[PDB]
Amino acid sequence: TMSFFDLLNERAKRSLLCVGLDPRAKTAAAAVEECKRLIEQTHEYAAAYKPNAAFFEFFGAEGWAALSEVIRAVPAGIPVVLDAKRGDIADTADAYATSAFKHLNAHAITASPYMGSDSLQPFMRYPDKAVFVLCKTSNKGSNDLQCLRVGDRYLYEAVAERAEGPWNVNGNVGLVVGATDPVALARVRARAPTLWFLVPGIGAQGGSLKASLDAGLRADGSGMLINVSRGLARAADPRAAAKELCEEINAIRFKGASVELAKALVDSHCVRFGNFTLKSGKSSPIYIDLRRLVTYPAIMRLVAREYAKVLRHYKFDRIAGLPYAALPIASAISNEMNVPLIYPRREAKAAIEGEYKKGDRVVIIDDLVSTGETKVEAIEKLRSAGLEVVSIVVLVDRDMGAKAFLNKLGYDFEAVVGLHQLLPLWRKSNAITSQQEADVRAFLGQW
């Protein structure tokens, strides 16, 4: 089995956009049509899909068979949140729970806090499924009841507290916080700093796409499903609209600055252009030589500083820098962090310099990755000598499908910046010519 948050965190590495499936059509058949078409258009950029029962229940009996088809018409990788807003006495709630998880095969459900936790356990007892409790709602008359003071704090805050504490027995509980109220959104994140937030209101209702995000995002730069329903269904080109939102969201979250790094690579003469031939016979118009970094200790300290931001998220004992290029970089990083360095002697009863135990956790540091052929030689030489490779961290990801290769190889990977990300900056800084940019852009389409 796999839980909702397993599936969701996977898509959260890519996007946070949740597609609201709210039919509104001539008939029940028409309703299915619109949705099917809305699924196929958006699925690449969609973190989640959210059918709201109301618009399906509108069509009566034909509407229920309609909801079930639309739910199965979702590719097996985008979690489906049923917006049903259930909440009744345990025994009645049970029937609602089986209907949503066993009959409709939804991965998550919306619910009301009002009837207490014993009304929510019937839904929360499913460890694989998620429950998003209503906290602060997007509607203007939410403050009518939710903004009442329960001594020191508002009611929704009291809800938030309970949602993270007494109720989150097995890490299932999410909260519904509305985008039209950024101030309330921020307060719930202060009360539930860990939880996931289902956030509607963007498009038809209000906005504050940025203000919302600055308010309720976690330390990880994740934990907000931004839901747009009517806004995409009334849109002209849903695929473009979906992409635009996905990107607009991703541009606000995260990198971090990347602008000063871009300069550093150019001030170090690392970026060079021509007809270079890599270890593949195939020629690239651009070559990045981070071996030059050695002649600029100040830039090298900056580079090491960028690596640290990535490496602050992994638990490890030692650093394994791969000579030549990476070894000075790895030395610099080692200095910023105060973590022991290790390095494989470039050859074919250890061939490994430094000091390692057996089964201590290392992170492989390399300069850049194009494909991953080099990254394998190293993982095999290191797991050889009895070391657990945590990940590989790199300054520049050349964007030749290096992540996916390594993932399917087993060990995961992360890069500080991508080649595609650096291009717009260099052009802006006049470091790269118009022809140089489009040449590189064209080269990356092959992959």
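Start at 1 and count along the sequence shown; that's the residue number.
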Count class of coordinate-free deposited residues lying between the neighbours residue 348 and residue 349: 4 to 9
For the neighbouring pair residue 114 and residue 115, the stretch of deposited sequence with no coordinates amounts to none
Decide which of the stretches 325-333 and 219-227 has the higher mean C-alpha B-factor, going by the entry. 219-227
Quick check: 351-359 versus 296-304, which has the larger average CA B-factor in the record? 351-359
Out of 266, 290, 310, 278, which residue has the highest Cα temperature factor in the PDB record? 278
Looking only at 422, 393, 396, 65, the Cα with the top B-factor belongs to 65
Divide the modelled residues of the chain into thirds by Cα B-factor and specify which third, lowest, middle or highest, holds residue 149. highest
Ordered by C-alpha B-factor within the chain, which third holds residue 170? Give me lowest, middle or highest, please. highest
What third of its chain, lowest, middle or highest, does the C-alpha temperature factor of residue 402 fall into? middle
Taking the values exactly as deposited, rank residue 414 by C-alpha B-factor within its chain and report the matching third: lowest, middle or highest. lowest
Entry-reported Cα temperature factor of residue 283, expressed as the chain third it lands in: highest
